[PDB]
file my_file-v4.txt (compact mmCIF, C-alpha atoms and all ligand atoms)
# COMPACT_ATOMS: atom_id res chain seq x y z
CA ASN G 1 65.98 -23.99 -154.42
CA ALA G 2 66.77 -26.34 -157.30
CA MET G 3 65.27 -25.74 -160.75
CA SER G 4 62.30 -27.91 -161.71
CA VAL G 5 62.09 -30.10 -164.80
CA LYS G 6 59.38 -29.14 -167.29
CA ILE G 7 58.01 -31.76 -169.67
CA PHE G 8 55.55 -31.62 -172.54
CA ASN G 9 52.36 -33.49 -171.62
CA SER G 10 50.51 -34.91 -174.62
CA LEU G 11 47.30 -34.80 -172.54
CA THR G 12 47.42 -31.01 -172.24
CA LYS G 13 49.51 -30.08 -175.29
CA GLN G 14 51.78 -28.06 -173.01
CA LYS G 15 55.01 -28.07 -171.02
CA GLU G 16 54.22 -28.60 -167.36
CA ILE G 17 56.31 -28.50 -164.22
CA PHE G 18 57.08 -32.15 -163.51
CA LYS G 19 55.68 -33.11 -160.10
CA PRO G 20 56.19 -36.72 -158.95
CA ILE G 21 53.21 -38.30 -157.19
CA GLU G 22 55.52 -39.47 -154.39
CA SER G 23 58.37 -37.04 -153.67
CA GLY G 24 61.67 -37.94 -155.33
CA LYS G 25 60.25 -41.01 -157.07
CA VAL G 26 59.24 -41.56 -160.69
CA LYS G 27 57.13 -44.47 -161.92
CA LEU G 28 57.55 -44.87 -165.67
CA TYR G 29 55.88 -47.24 -168.11
CA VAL G 30 56.93 -47.34 -171.76
CA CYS G 31 55.27 -49.44 -174.46
CA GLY G 32 57.68 -52.05 -175.81
CA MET G 33 58.19 -54.47 -178.68
CA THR G 34 55.78 -56.87 -180.39
CA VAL G 35 58.16 -59.80 -180.77
CA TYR G 36 57.46 -61.24 -184.23
CA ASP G 37 60.34 -59.53 -186.05
CA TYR G 38 63.49 -57.42 -185.69
CA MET G 39 63.11 -53.98 -184.15
CA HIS G 40 63.44 -51.23 -186.76
CA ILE G 41 64.99 -47.76 -186.56
CA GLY G 42 61.59 -46.30 -185.71
CA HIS G 43 61.56 -48.34 -182.51
CA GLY G 44 65.26 -47.58 -182.23
CA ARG G 45 64.48 -43.89 -181.86
CA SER G 46 61.82 -44.45 -179.18
CA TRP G 47 64.17 -46.74 -177.25
CA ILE G 48 67.00 -44.18 -177.36
CA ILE G 49 64.77 -41.23 -176.50
CA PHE G 50 63.39 -42.89 -173.36
CA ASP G 51 66.87 -44.11 -172.49
CA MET G 52 67.91 -40.45 -172.39
CA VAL G 53 64.84 -39.62 -170.30
CA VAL G 54 65.64 -42.25 -167.67
CA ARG G 55 69.37 -41.47 -167.62
CA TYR G 56 68.66 -37.77 -167.18
CA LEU G 57 66.04 -38.28 -164.47
CA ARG G 58 68.45 -40.49 -162.54
CA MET G 59 71.16 -37.85 -163.11
CA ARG G 60 68.93 -35.29 -161.39
CA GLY G 61 68.66 -37.68 -158.45
CA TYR G 62 65.19 -39.13 -159.04
CA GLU G 63 64.62 -42.74 -158.05
CA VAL G 64 63.22 -44.06 -161.31
CA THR G 65 61.17 -47.24 -161.60
CA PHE G 66 61.41 -48.04 -165.30
CA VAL G 67 59.00 -50.58 -166.79
CA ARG G 68 58.88 -51.73 -170.40
CA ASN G 69 56.63 -54.56 -171.56
CA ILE G 70 57.06 -57.29 -174.15
CA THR G 71 53.97 -57.89 -176.27
CA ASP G 72 54.12 -61.65 -176.76
CA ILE G 73 50.39 -62.11 -177.27
CA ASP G 74 49.45 -60.70 -180.68
CA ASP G 75 47.92 -61.72 -184.01
CA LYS G 76 51.05 -60.73 -185.96
CA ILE G 77 52.99 -63.30 -183.95
CA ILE G 78 50.38 -65.92 -184.83
CA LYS G 79 50.38 -64.85 -188.48
CA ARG G 80 54.18 -64.75 -188.74
CA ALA G 81 54.65 -68.06 -186.92
CA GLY G 82 52.36 -69.74 -189.43
CA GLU G 83 54.33 -68.42 -192.40
CA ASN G 84 57.56 -69.76 -190.91
CA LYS G 85 55.72 -72.99 -190.03
CA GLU G 86 56.77 -72.70 -186.37
CA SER G 87 54.81 -72.33 -183.14
CA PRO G 88 53.88 -68.82 -181.99
CA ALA G 89 55.63 -69.59 -178.70
CA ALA G 90 58.87 -70.42 -180.52
CA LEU G 91 58.74 -67.28 -182.66
CA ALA G 92 58.16 -65.08 -179.61
CA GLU G 93 61.01 -66.59 -177.59
CA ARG G 94 63.35 -66.33 -180.57
CA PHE G 95 62.68 -62.62 -181.08
CA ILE G 96 62.78 -61.77 -177.38
CA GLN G 97 66.38 -62.99 -177.50
CA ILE G 98 66.98 -60.91 -180.63
CA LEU G 99 65.43 -57.91 -178.88
CA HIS G 100 67.78 -58.22 -175.90
CA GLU G 101 70.78 -58.42 -178.23
CA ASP G 102 69.73 -55.32 -180.18
CA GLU G 103 69.06 -53.40 -176.97
CA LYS G 104 72.50 -54.33 -175.67
CA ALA G 105 73.99 -53.22 -179.00
CA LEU G 106 72.20 -49.89 -178.63
CA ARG G 107 73.60 -49.61 -175.09
CA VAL G 108 70.24 -48.68 -173.59
CA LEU G 109 69.49 -49.16 -169.91
CA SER G 110 67.66 -52.35 -169.00
CA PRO G 111 64.25 -51.65 -167.46
CA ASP G 112 63.77 -52.65 -163.82
CA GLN G 113 60.81 -54.72 -164.97
CA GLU G 114 60.09 -56.33 -168.34
CA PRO G 115 56.59 -57.84 -168.03
CA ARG G 116 55.33 -60.13 -170.78
CA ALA G 117 51.65 -60.36 -171.66
CA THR G 118 51.84 -64.16 -171.34
CA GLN G 119 52.47 -63.80 -167.60
CA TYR G 120 49.71 -61.28 -166.83
CA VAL G 121 46.57 -63.02 -168.06
CA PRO G 122 44.95 -63.30 -164.59
CA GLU G 123 45.48 -59.56 -164.05
CA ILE G 124 43.94 -58.83 -167.45
CA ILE G 125 40.95 -61.04 -166.65
CA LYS G 126 40.46 -59.19 -163.35
CA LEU G 127 40.36 -55.82 -165.11
CA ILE G 128 37.96 -57.02 -167.80
CA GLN G 129 35.67 -58.43 -165.12
CA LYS G 130 35.60 -55.00 -163.46
CA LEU G 131 34.69 -53.31 -166.74
CA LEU G 132 31.84 -55.78 -167.27
CA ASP G 133 30.74 -55.22 -163.66
CA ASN G 134 30.91 -51.45 -164.17
CA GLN G 135 29.08 -51.95 -167.47
CA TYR G 136 31.81 -50.32 -169.54
CA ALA G 137 32.39 -53.68 -171.22
CA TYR G 138 29.92 -56.05 -172.84
CA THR G 139 29.41 -59.18 -174.86
CA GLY G 140 29.24 -59.45 -177.71
CA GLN G 141 27.01 -61.06 -180.34
CA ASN G 142 29.90 -63.18 -181.63
CA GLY G 143 31.11 -63.99 -178.12
CA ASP G 144 33.85 -61.36 -177.97
CA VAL G 145 34.12 -58.88 -175.10
CA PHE G 146 34.14 -55.22 -176.14
CA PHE G 147 34.70 -51.83 -174.56
CA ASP G 148 31.74 -49.45 -174.86
CA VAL G 149 33.40 -46.16 -175.80
CA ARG G 150 30.27 -44.00 -175.92
CA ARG G 151 29.90 -44.69 -172.19
CA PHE G 152 33.36 -43.25 -171.48
CA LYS G 153 32.72 -39.54 -172.03
CA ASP G 154 36.38 -38.53 -171.69
CA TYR G 155 37.19 -40.67 -174.73
CA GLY G 156 39.46 -38.88 -177.18
CA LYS G 157 40.93 -36.39 -174.73
CA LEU G 158 44.51 -37.64 -175.10
CA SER G 159 44.51 -37.21 -178.87
CA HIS G 160 42.15 -34.22 -178.75
CA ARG G 161 39.68 -35.77 -181.20
CA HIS G 162 35.91 -35.47 -180.86
CA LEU G 163 33.96 -37.98 -182.95
CA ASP G 164 36.40 -39.67 -185.30
CA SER G 177 28.71 -57.50 -183.07
CA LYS G 178 29.88 -54.03 -182.03
CA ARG G 179 27.21 -51.70 -180.63
CA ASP G 180 29.32 -48.84 -181.99
CA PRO G 181 32.05 -48.76 -184.69
CA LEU G 182 34.41 -47.02 -182.24
CA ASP G 183 34.19 -49.92 -179.78
CA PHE G 184 37.29 -52.11 -179.37
CA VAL G 185 37.97 -55.72 -178.39
CA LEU G 186 39.04 -56.60 -174.84
CA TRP G 187 38.87 -60.38 -175.17
CA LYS G 188 38.75 -62.14 -178.53
CA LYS G 189 37.98 -65.79 -179.17
CA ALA G 190 40.84 -67.96 -180.38
CA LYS G 191 40.53 -69.54 -183.81
CA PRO G 192 40.98 -73.33 -184.05
CA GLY G 193 44.63 -74.31 -183.63
CA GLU G 194 45.58 -70.94 -182.15
CA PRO G 195 47.13 -70.45 -178.70
CA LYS G 196 44.50 -69.53 -176.12
CA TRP G 197 43.76 -68.89 -172.45
CA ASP G 198 40.68 -69.88 -170.45
CA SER G 199 38.37 -67.21 -169.07
CA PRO G 200 34.79 -66.78 -167.79
CA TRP G 201 33.85 -65.76 -171.34
CA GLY G 202 35.38 -68.60 -173.34
CA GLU G 203 38.78 -69.66 -174.62
CA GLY G 204 40.56 -66.75 -176.29
CA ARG G 205 43.10 -63.96 -176.00
CA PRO G 206 43.26 -60.42 -174.59
CA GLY G 207 43.15 -57.45 -176.93
CA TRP G 208 46.34 -55.43 -177.33
CA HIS G 209 45.40 -52.42 -175.19
CA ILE G 210 44.04 -54.26 -172.15
CA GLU G 211 47.45 -55.92 -171.87
CA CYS G 212 49.25 -52.65 -171.15
CA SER G 213 46.46 -51.30 -168.93
CA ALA G 214 46.71 -54.40 -166.75
CA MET G 215 50.49 -54.78 -166.72
CA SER G 216 51.30 -51.12 -166.01
CA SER G 217 48.84 -50.58 -163.14
CA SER G 218 49.50 -54.01 -161.64
CA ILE G 219 53.22 -53.26 -161.37
CA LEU G 220 53.35 -49.52 -160.70
CA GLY G 221 50.05 -48.95 -158.95
CA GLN G 222 47.51 -46.46 -160.27
CA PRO G 223 47.87 -43.71 -161.02
CA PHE G 224 51.56 -43.49 -161.94
CA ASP G 225 53.76 -40.61 -163.10
CA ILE G 226 54.73 -41.12 -166.73
CA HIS G 227 53.57 -43.24 -169.65
CA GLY G 228 55.55 -43.22 -172.88
CA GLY G 229 55.73 -44.63 -176.38
CA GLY G 230 55.96 -43.73 -180.05
CA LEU G 231 53.59 -41.00 -181.21
CA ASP G 232 51.73 -43.59 -183.30
CA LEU G 233 50.65 -45.35 -180.10
CA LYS G 234 48.81 -42.22 -178.93
CA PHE G 235 45.68 -43.35 -180.79
CA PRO G 236 44.04 -45.73 -180.59
CA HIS G 237 46.44 -47.54 -178.24
CA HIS G 238 47.11 -45.07 -175.41
CA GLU G 239 43.63 -43.58 -175.80
CA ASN G 240 42.16 -47.04 -175.19
CA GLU G 241 44.46 -47.71 -172.23
CA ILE G 242 43.13 -44.59 -170.50
CA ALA G 243 39.50 -45.58 -171.09
CA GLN G 244 40.09 -49.12 -169.81
CA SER G 245 42.05 -48.11 -166.72
CA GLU G 246 39.97 -45.15 -165.53
CA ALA G 247 36.63 -46.82 -166.23
CA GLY G 248 37.97 -50.07 -164.78
CA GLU G 249 39.74 -48.86 -161.64
CA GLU G 250 37.73 -45.65 -161.28
CA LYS G 251 40.80 -43.52 -160.58
CA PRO G 252 43.26 -41.45 -162.66
CA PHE G 253 45.48 -43.57 -164.89
CA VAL G 254 48.58 -41.55 -165.78
CA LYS G 255 49.71 -38.09 -164.72
CA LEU G 256 51.91 -37.32 -167.73
CA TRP G 257 52.10 -38.65 -171.28
CA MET G 258 55.30 -38.55 -173.37
CA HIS G 259 55.37 -39.41 -177.08
CA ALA G 260 58.53 -39.90 -179.16
CA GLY G 261 58.45 -38.26 -182.58
CA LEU G 262 58.20 -40.16 -185.85
CA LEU G 263 61.14 -41.30 -187.95
CA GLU G 264 61.07 -40.87 -191.72
CA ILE G 265 63.37 -42.58 -194.21
CA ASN G 266 64.59 -40.19 -196.88
CA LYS G 267 61.64 -37.90 -196.11
CA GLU G 268 59.18 -40.75 -196.70
CA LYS G 269 57.00 -42.50 -194.13
CA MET G 270 58.44 -45.77 -192.88
CA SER G 271 55.99 -48.24 -194.37
CA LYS G 272 55.69 -51.99 -194.82
CA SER G 273 53.80 -51.33 -198.06
CA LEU G 274 56.70 -49.24 -199.41
CA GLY G 275 59.23 -51.87 -198.37
CA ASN G 276 61.53 -49.21 -196.90
CA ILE G 277 61.69 -50.50 -193.32
CA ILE G 278 65.24 -50.55 -191.93
CA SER G 279 65.99 -52.85 -189.00
CA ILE G 280 68.27 -51.74 -186.17
CA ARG G 281 70.75 -54.47 -187.10
CA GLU G 282 70.96 -53.17 -190.67
CA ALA G 283 71.51 -49.63 -189.39
CA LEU G 284 74.29 -50.77 -187.05
CA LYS G 285 76.12 -52.38 -189.97
CA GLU G 286 76.21 -48.97 -191.66
CA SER G 287 76.84 -46.75 -188.64
CA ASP G 288 78.44 -46.92 -185.20
CA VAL G 289 75.99 -46.86 -182.29
CA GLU G 290 77.27 -43.46 -181.15
CA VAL G 291 76.78 -42.09 -184.66
CA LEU G 292 73.22 -43.46 -184.61
CA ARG G 293 72.57 -41.97 -181.19
CA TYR G 294 73.90 -38.57 -182.25
CA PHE G 295 71.52 -38.54 -185.20
CA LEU G 296 68.58 -39.82 -183.14
CA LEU G 297 68.97 -37.38 -180.24
CA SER G 298 70.33 -34.15 -181.77
CA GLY G 299 66.86 -33.02 -182.86
CA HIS G 300 64.02 -32.44 -180.41
CA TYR G 301 62.51 -35.79 -179.44
CA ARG G 302 58.96 -34.69 -180.30
CA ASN G 303 59.81 -33.56 -183.83
CA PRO G 304 59.91 -35.79 -186.92
CA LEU G 305 63.37 -36.86 -188.05
CA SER G 306 64.62 -38.14 -191.42
CA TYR G 307 67.00 -41.10 -191.60
CA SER G 308 69.46 -40.69 -194.49
CA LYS G 309 73.11 -41.17 -195.46
CA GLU G 310 73.69 -37.42 -195.35
CA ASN G 311 72.24 -36.90 -191.87
CA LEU G 312 74.21 -39.84 -190.49
CA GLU G 313 77.45 -38.61 -192.06
CA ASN G 314 76.90 -35.20 -190.47
CA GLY G 315 76.68 -36.75 -187.01
CA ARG G 316 79.76 -38.83 -187.76
CA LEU G 317 81.82 -35.72 -188.52
CA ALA G 318 80.38 -34.00 -185.46
CA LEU G 319 81.60 -36.93 -183.36
CA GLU G 320 84.98 -36.93 -185.10
CA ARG G 321 85.30 -33.34 -183.92
CA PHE G 322 84.39 -34.48 -180.39
CA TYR G 323 86.97 -37.24 -180.19
CA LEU G 324 89.75 -35.12 -181.70
CA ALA G 325 89.38 -32.69 -178.79
CA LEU G 326 89.55 -35.60 -176.33
CA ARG G 327 92.30 -37.53 -178.15
CA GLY G 328 95.52 -37.10 -176.19
CA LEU G 329 94.22 -35.72 -172.90
CA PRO G 330 94.86 -37.25 -169.44
CA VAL G 331 91.87 -38.94 -167.80
CA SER G 338 81.59 -26.27 -163.54
CA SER G 339 78.82 -23.95 -164.68
CA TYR G 340 78.46 -26.08 -167.82
CA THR G 341 76.65 -28.70 -165.75
CA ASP G 342 74.20 -26.06 -164.54
CA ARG G 343 73.55 -24.78 -168.06
CA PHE G 344 73.13 -28.38 -169.20
CA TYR G 345 70.34 -28.89 -166.65
CA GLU G 346 68.72 -25.67 -167.85
CA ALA G 347 68.61 -27.08 -171.38
CA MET G 348 67.36 -30.53 -170.40
CA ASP G 349 64.89 -29.03 -167.90
CA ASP G 350 63.18 -27.32 -170.83
CA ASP G 351 61.47 -30.49 -172.10
CA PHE G 352 64.75 -32.24 -172.92
CA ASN G 353 65.87 -29.51 -175.32
CA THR G 354 68.70 -31.50 -176.90
CA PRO G 355 69.34 -28.88 -179.62
CA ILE G 356 70.32 -26.38 -176.89
CA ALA G 357 72.14 -29.13 -174.98
CA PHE G 358 74.16 -30.34 -177.98
CA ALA G 359 75.13 -26.78 -178.90
CA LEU G 360 76.31 -26.49 -175.29
CA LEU G 361 78.53 -29.56 -175.68
CA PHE G 362 80.04 -27.99 -178.79
CA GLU G 363 80.69 -24.80 -176.85
CA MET G 364 82.61 -27.02 -174.44
CA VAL G 365 84.58 -28.51 -177.34
CA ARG G 366 85.54 -25.03 -178.55
CA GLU G 367 86.89 -24.14 -175.11
CA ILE G 368 88.65 -27.50 -174.83
CA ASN G 369 90.45 -26.83 -178.12
CA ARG G 370 91.31 -23.36 -176.81
CA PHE G 371 92.98 -24.76 -173.68
CA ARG G 372 94.83 -27.36 -175.76
CA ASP G 373 96.19 -24.93 -178.36
CA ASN G 374 97.25 -22.59 -175.56
CA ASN G 375 99.00 -25.54 -173.90
CA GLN G 376 96.77 -25.36 -170.82
CA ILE G 377 96.44 -29.13 -170.63
CA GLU G 378 95.17 -29.42 -167.04
CA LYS G 379 92.18 -27.20 -167.77
CA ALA G 380 91.50 -29.06 -171.01
CA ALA G 381 91.53 -32.41 -169.21
CA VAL G 382 89.18 -31.26 -166.44
CA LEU G 383 86.78 -29.77 -168.99
CA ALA G 384 86.89 -33.02 -170.97
CA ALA G 385 85.95 -35.02 -167.88
CA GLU G 386 82.80 -32.95 -167.44
CA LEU G 387 81.97 -33.10 -171.15
CA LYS G 388 82.25 -36.89 -171.17
CA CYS G 389 79.97 -37.07 -168.13
CA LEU G 390 77.20 -35.00 -169.71
CA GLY G 391 77.58 -36.82 -173.02
CA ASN G 392 76.99 -40.12 -171.23
CA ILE G 393 73.32 -39.19 -170.93
CA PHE G 394 73.11 -39.40 -174.72
CA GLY G 395 75.30 -42.50 -174.76
CA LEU G 396 78.06 -40.54 -176.48
CA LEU G 397 81.76 -39.84 -175.92
CA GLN G 398 82.45 -43.14 -174.16
CA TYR G 399 84.96 -44.59 -176.62
CA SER G 400 88.68 -44.24 -176.17
CA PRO G 401 89.37 -41.40 -178.62
CA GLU G 402 92.16 -43.40 -180.29
CA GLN G 403 89.90 -46.40 -180.93
CA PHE G 404 87.23 -44.27 -182.60
CA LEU G 405 89.69 -42.38 -184.81
ZN ZN F 501 51.41 -50.64 -175.02

call {"tool": "encode", "arguments": {"input": "my_file-v4.txt", "output": "C-alpha cells"}}
result
Amino acid sequence: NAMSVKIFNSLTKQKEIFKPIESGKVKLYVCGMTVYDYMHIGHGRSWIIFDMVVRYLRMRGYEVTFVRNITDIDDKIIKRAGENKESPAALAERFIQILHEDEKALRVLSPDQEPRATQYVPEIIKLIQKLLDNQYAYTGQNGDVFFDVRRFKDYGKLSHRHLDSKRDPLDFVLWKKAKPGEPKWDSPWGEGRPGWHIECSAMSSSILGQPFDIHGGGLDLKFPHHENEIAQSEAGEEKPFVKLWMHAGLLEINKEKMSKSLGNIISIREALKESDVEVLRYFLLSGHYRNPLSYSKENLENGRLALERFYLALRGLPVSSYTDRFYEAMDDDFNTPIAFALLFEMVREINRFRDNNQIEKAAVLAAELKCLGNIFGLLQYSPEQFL
C-alpha cells in the first residue's frame, strides 16, 4: 500500500492526507499574473514552487489538470496604459508575451489552461446574477455591485480572522462602473468591469467544476483575495469551493520587504542576468516553500557553489531506495530541506564510487539523481557546459 502525500492546508493550519475528489485526478487552480509589468522574483518564487508541486504530483502518477489565469482586466493595467499613452489592450497583450518568455526562461511547465479574464465575462455575469438572486450581492448607491460580507458567516475562516455606497466597510466590489474613456463590458447593471476576485471565482469553477482539489497562490493573496473567492463561490454556487489551499511563502530582498515604495523590486529578467536559472531555482526551492526567504548575493552564491559540487560529481560519467526516501521527504508537505540533503547524500556516494573507480555504480546513481533533480528543474545541463 503506497504512502500518501500530506500537504499543509491553509484552511485548517495543518498537514492533511491529500485525498483527490476523483480518484487519481487532481484539479489545480493557481492565481497568475496581472499583465501590466514584468514579473518580479516574488512571482518567480510562486511560479517555481507550484511548478515543483505539479511536477511532483505527476511524478507520483496523478493526472493533474493545471490551470493558471491571466488577469488582463485590472485598474493597474488601465493606469499603466495611460502613463505610456497606449491602449490598455495593447499593454496587456505586450506583457502577456513578456510573461510567456519569462516563464519559458524559468523552464516552468505550461498550464493545461491559461484563461484570461477578458474571455470569461459572461461566466462572471452569471455568477454575480446568482449572488444578487441569493441576496449575497446588492446595488449599490453609486451603481456598483457589492458583496455583502456580513451575510456570509464563514467569512474570514481561510485567514482565521474574526472582525478585521457600501452597507459595510468590509464589503467588496463585484462589478464596478467604467470611467469615461475606459474599456468596459455591458451587463444588466450598467457598463463596467468585474472586480478582481469574482474573476478567479468564475474562471476556476467554470473550468474545473466546483468544488475542486487545490487552489494556490502567493501568501499575500490569502486575504482579501482568496478569502473573497471563497465567499463568492460558496454563496454563489451553494457548494464547497476548494478542498485544499496552498500558499507560497514570501520573498524578501536583503531581509527587507519587497516594496514598490522602497524601490527594491527585482524583475525576473534582472535576476536572470545575474544568475543562471538553475542557480535561481536552487535558491528558491532549497528552503521550505511556506517559509519566508531572503534574496541576496550571498544566498545566490551559496546555491551556485552547491550546484558546482553537483555538476563536478556528474562531469565525466557515462549517460534504488533513494527514490523511496525522496518520496518520503516530498510526501511530508514538500519538505525540500530533507529532499535536498538527500540529493547531497547521493552526491557523496557518487564521489565515493568515482574515487574508488567503480564507474558503473557512479553512473547508475547519477542517472537516478538527475531524475529526482528534474522535479526542481536542476541537474539538466551537460556538466561540461555548466563548468
Ligand atoms: Zn486570483

call {"tool": "residues_near_ligand", "arguments": {"input": "my_file-v4.txt", "ligand": "ligand ZN 501 (chain F)", "cutoff": "12 Å", "atoms": "all atoms listed in the file", "output": "compact mmCIF listing (two decimals) with C-alpha atoms, in the frame of the given file"}}
result
# COMPACT_ATOMS: atom_id res chain seq x y z
CA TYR G 29 55.88 -47.24 -168.11
CA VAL G 30 56.93 -47.34 -171.76
CA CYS G 31 55.27 -49.44 -174.46
CA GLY G 32 57.68 -52.05 -175.81
CA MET G 33 58.19 -54.47 -178.68
CA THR G 34 55.78 -56.87 -180.39
CA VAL G 67 59.00 -50.58 -166.79
CA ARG G 68 58.88 -51.73 -170.40
CA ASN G 69 56.63 -54.56 -171.56
CA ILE G 70 57.06 -57.29 -174.15
CA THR G 71 53.97 -57.89 -176.27
CA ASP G 72 54.12 -61.65 -176.76
CA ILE G 73 50.39 -62.11 -177.27
CA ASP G 74 49.45 -60.70 -180.68
CA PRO G 115 56.59 -57.84 -168.03
CA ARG G 116 55.33 -60.13 -170.78
CA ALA G 117 51.65 -60.36 -171.66
CA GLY G 207 43.15 -57.45 -176.93
CA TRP G 208 46.34 -55.43 -177.33
CA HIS G 209 45.40 -52.42 -175.19
CA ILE G 210 44.04 -54.26 -172.15
CA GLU G 211 47.45 -55.92 -171.87
CA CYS G 212 49.25 -52.65 -171.15
CA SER G 213 46.46 -51.30 -168.93
CA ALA G 214 46.71 -54.40 -166.75
CA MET G 215 50.49 -54.78 -166.72
CA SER G 216 51.30 -51.12 -166.01
CA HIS G 227 53.57 -43.24 -169.65
CA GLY G 228 55.55 -43.22 -172.88
CA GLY G 229 55.73 -44.63 -176.38
CA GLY G 230 55.96 -43.73 -180.05
CA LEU G 231 53.59 -41.00 -181.21
CA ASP G 232 51.73 -43.59 -183.30
CA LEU G 233 50.65 -45.35 -180.10
CA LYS G 234 48.81 -42.22 -178.93
CA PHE G 235 45.68 -43.35 -180.79
CA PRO G 236 44.04 -45.73 -180.59
CA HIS G 237 46.44 -47.54 -178.24
CA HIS G 238 47.11 -45.07 -175.41
CA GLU G 239 43.63 -43.58 -175.80
CA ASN G 240 42.16 -47.04 -175.19
CA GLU G 241 44.46 -47.71 -172.23
CA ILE G 242 43.13 -44.59 -170.50

call {"tool": "atom_distance", "arguments": {"input": "my_file-v4.txt", "atom1": "CA of residue 148 (chain G)", "atom2": "CA of residue 161 (chain G)"}}
result
17.0 Å

call {"tool": "atom_distance", "arguments": {"input": "my_file-v4.txt", "atom1": "CA of residue 281 (chain G)", "atom2": "CA of residue 396 (chain G)"}}
result
19.0 Å

call {"tool": "residues_near_point", "arguments": {"input": "my_file-v4.txt", "point": "(74.9, -41.9, -182.5)", "cutoff": "9 Å", "atoms": "only C-alpha atoms", "output": "PDB file with C-alpha atoms, in the frame of the given file"}}
result
ATOM      1  CA  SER G 287      76.840 -46.750-188.640  1.00  0.00           C
ATOM      2  CA  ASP G 288      78.440 -46.920-185.200  1.00  0.00           C
ATOM      3  CA  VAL G 289      75.990 -46.860-182.290  1.00  0.00           C
ATOM      4  CA  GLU G 290      77.270 -43.460-181.150  1.00  0.00           C
ATOM      5  CA  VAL G 291      76.780 -42.090-184.660  1.00  0.00           C
ATOM      6  CA  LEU G 292      73.220 -43.460-184.610  1.00  0.00           C
ATOM      7  CA  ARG G 293      72.570 -41.970-181.190  1.00  0.00           C
ATOM      8  CA  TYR G 294      73.900 -38.570-182.250  1.00  0.00           C
ATOM      9  CA  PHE G 295      71.520 -38.540-185.200  1.00  0.00           C
ATOM     10  CA  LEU G 296      68.580 -39.820-183.140  1.00  0.00           C
ATOM     11  CA  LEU G 297      68.970 -37.380-180.240  1.00  0.00           C
ATOM     12  CA  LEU G 312      74.210 -39.840-190.490  1.00  0.00           C
ATOM     13  CA  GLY G 315      76.680 -36.750-187.010  1.00  0.00           C
ATOM     14  CA  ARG G 316      79.760 -38.830-187.760  1.00  0.00           C
ATOM     15  CA  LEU G 319      81.600 -36.930-183.360  1.00  0.00           C
ATOM     16  CA  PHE G 394      73.110 -39.400-174.720  1.00  0.00           C
ATOM     17  CA  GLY G 395      75.300 -42.500-174.760  1.00  0.00           C
ATOM     18  CA  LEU G 396      78.060 -40.540-176.480  1.00  0.00           C
TER      19      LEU G 396
END

call {"tool": "closest_residue", "arguments": {"input": "my_file-v4.txt", "among": "G:308, G:65, G:353, G:14", "to": "residue 276 (chain G)", "atoms": "only C-alpha atoms"}}
result
G:308

call {"tool": "atom_distance", "arguments": {"input": "my_file-v4.txt", "atom1": "CA of residue 133 (chain G)", "atom2": "CA of residue 163 (chain G)"}}
result
26.1 Å

call {"tool": "residues_around", "arguments": {"input": "my_file-v4.txt", "residues": "region 92-98 of chain G", "least_positions_apart": "2", "cutoff": "8 Å", "atoms": "only C-alpha atoms", "output": "list in words"}}
result
residues 35, 36, 37, 38, 70, 72, 77, 88, 89, 90, 100, 101 and 102 of chain G

call {"tool": "write_last_selection", "arguments": {"input": "my_file-v4.txt", "atoms": "C-alpha atoms", "output": "compact mmCIF listing (two decimals), in the coordinates of the input"}}
result
# COMPACT_ATOMS: atom_id res chain seq x y z
CA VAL G 35 58.16 -59.80 -180.77
CA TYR G 36 57.46 -61.24 -184.23
CA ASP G 37 60.34 -59.53 -186.05
CA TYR G 38 63.49 -57.42 -185.69
CA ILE G 70 57.06 -57.29 -174.15
CA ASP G 72 54.12 -61.65 -176.76
CA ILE G 77 52.99 -63.30 -183.95
CA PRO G 88 53.88 -68.82 -181.99
CA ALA G 89 55.63 -69.59 -178.70
CA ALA G 90 58.87 -70.42 -180.52
CA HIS G 100 67.78 -58.22 -175.90
CA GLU G 101 70.78 -58.42 -178.23
CA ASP G 102 69.73 -55.32 -180.18

call {"tool": "closest_residue", "arguments": {"input": "my_file-v4.txt", "among": "G:183, G:45, G:284, G:140", "to": "residue 303 (chain G)", "atoms": "all atoms listed in the file"}}
result
G:45

call {"tool": "build_atoms", "arguments": {"input": "my_file-v4.txt", "residues": "region 163-181 of chain G", "atoms": "N, CA, C and O atoms", "output": "PDB file, keeping the file's coordinate frame"}}
result
ATOM      1  N   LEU G 163      34.990 -37.068-182.460  1.00  0.00           N
ATOM      2  CA  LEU G 163      33.960 -37.980-182.950  1.00  0.00           C
ATOM      3  C   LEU G 163      34.501 -39.004-183.940  1.00  0.00           C
ATOM      4  O   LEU G 163      33.750 -39.814-184.483  1.00  0.00           O
ATOM      5  N   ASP G 164      35.806 -38.960-184.173  1.00  0.00           N
ATOM      6  CA  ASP G 164      36.400 -39.670-185.300  1.00  0.00           C
ATOM      7  C   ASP G 164      36.806 -41.103-184.951  1.00  0.00           C
ATOM      8  O   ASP G 164      36.198 -42.060-185.445  1.00  0.00           O
ATOM      9  N   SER G 177      28.928 -57.199-184.481  1.00  0.00           N
ATOM     10  CA  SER G 177      28.710 -57.500-183.070  1.00  0.00           C
ATOM     11  C   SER G 177      29.102 -56.332-182.164  1.00  0.00           C
ATOM     12  O   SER G 177      28.978 -56.415-180.942  1.00  0.00           O
ATOM     13  N   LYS G 178      29.574 -55.248-182.770  1.00  0.00           N
ATOM     14  CA  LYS G 178      29.880 -54.030-182.030  1.00  0.00           C
ATOM     15  C   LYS G 178      28.643 -53.132-181.977  1.00  0.00           C
ATOM     16  O   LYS G 178      28.010 -52.881-183.002  1.00  0.00           O
ATOM     17  N   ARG G 179      28.305 -52.649-180.785  1.00  0.00           N
ATOM     18  CA  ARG G 179      27.210 -51.700-180.630  1.00  0.00           C
ATOM     19  C   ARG G 179      27.550 -50.396-181.353  1.00  0.00           C
ATOM     20  O   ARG G 179      26.674 -49.721-181.896  1.00  0.00           O
ATOM     21  N   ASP G 180      28.833 -50.052-181.345  1.00  0.00           N
ATOM     22  CA  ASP G 180      29.320 -48.840-181.990  1.00  0.00           C
ATOM     23  C   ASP G 180      30.639 -49.140-182.698  1.00  0.00           C
ATOM     24  O   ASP G 180      31.463 -49.894-182.182  1.00  0.00           O
ATOM     25  N   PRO G 181      30.839 -48.553-183.888  1.00  0.00           N
ATOM     26  CA  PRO G 181      32.050 -48.760-184.690  1.00  0.00           C
ATOM     27  C   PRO G 181      33.330 -48.426-183.919  1.00  0.00           C
ATOM     28  O   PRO G 181      34.367 -49.043-184.163  1.00  0.00           O
TER      29      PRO G 181
END
